[PDB]
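Engineer: sequence below, structure please.
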Amino acid sequence: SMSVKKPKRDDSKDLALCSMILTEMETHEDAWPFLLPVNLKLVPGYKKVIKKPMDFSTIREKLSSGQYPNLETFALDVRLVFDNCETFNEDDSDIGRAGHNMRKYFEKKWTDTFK
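Structural biologist: Residues are numbered from 1 along each chain as shown. Dropping the coordinates below:
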């Protein structure tokens, strides 16, 4: 509350670290369904079904242009990638599996880097 602050966590290296995690995800062999925005002209259903499209290239542009106010908002867009994947894909499909794999990969990096 007013004039009563918890001790100041060091956030100065967060931008660098998120970028590292993002490069590690960009270069994973299962990243291919997630590198670019889903083509809303060519995939029937996506536009209407998926309210907030998200992909890695869009996450990289936002990170590079100061569009993430903090590390929580960055984690949200990454999770959103995978939550969208689950909404539109059967678990028993290459893309559905990629999605589960990439989420697991991300959450490990996240915990190891920050908690």
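Engineer: report the central residue of the protein.
Structural biologist: When the chain is reduced to its mean C-alpha position, the nearest residue by C-alpha atoms, centre = their mean turns out to be residue 78, at 1.2 Å.
Engineer: skipping its backbone neighbours, what lies nearest it in space?
Structural biologist: Leaving aside its sequence neighbours, residue 78 sits nearest to residue 106 (C-beta to C-beta, 6 or more residues apart in numbering; 5.7 Å). In this view, the C-beta of every residue, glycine as well, is placed from N, C-alpha and C.
Engineer: for residue 96, same thing?
Structural biologist: Closest to residue 96 by C-beta to C-beta, 6+ apart is residue 89, at 4.0 Å.
Engineer: with residue 57 instead?
Structural biologist: residue 36 (5.5 Å).
Engineer: what's the local residue count around the one you found?
Structural biologist: A count of neighbours around residue 36, defined by other C-beta atoms under 10 Å, yields 11.
Engineer: can I assume it is in contact with residue 54?
Structural biologist: No: using C-beta atoms under 8 Å, residue 36 is not in contact with residue 54, being 11.4 Å away.
Engineer: from the rest of the structure, what touches the strand or helix carrying the residue nearest to the centre of the chain?
Structural biologist: For residue 78, the element it lies in under DSSP states H and E is helix 71-88. With contact meaning C-beta atoms under 8 Å, 6 or more residues apart in numbering, helix 71-88 is reached by 11, 14, 17-18, 22, 25, 33-34, 45-46, 49-50, 52-56, 58-59, 62-63, 68, 95-96, 98-100, 102-103, 106, 110, 114.
Engineer: helix, strand or coil: sort out residue 60 for me.
Structural biologist: helix (DSSP: H, G, I helix; E, B strand; the rest coil).
Engineer: how about the helices of this protein, start to end?
Structural biologist: For the chain, the helices defined by DSSP state H cover 14-26, 46-49, 56-64, 71-88, 94-114.
Engineer: format those as TSV; extra columns: distance to residue 4.
Structural biologist: Formatted as TSV, these follow (distance: least, C-beta to C-beta, whole Å):
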stretch	distance to residue 4
helix 14-26	24
helix 46-49	46
helix 56-64	32
helix 71-88	22
helix 94-114	25
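Engineer: so which of the ones you listed comes closest to residue 3?
Structural biologist: Nearest to residue 3, of all the helices of the chain, is helix 71-88, at 24.7 Å by C-beta to C-beta.
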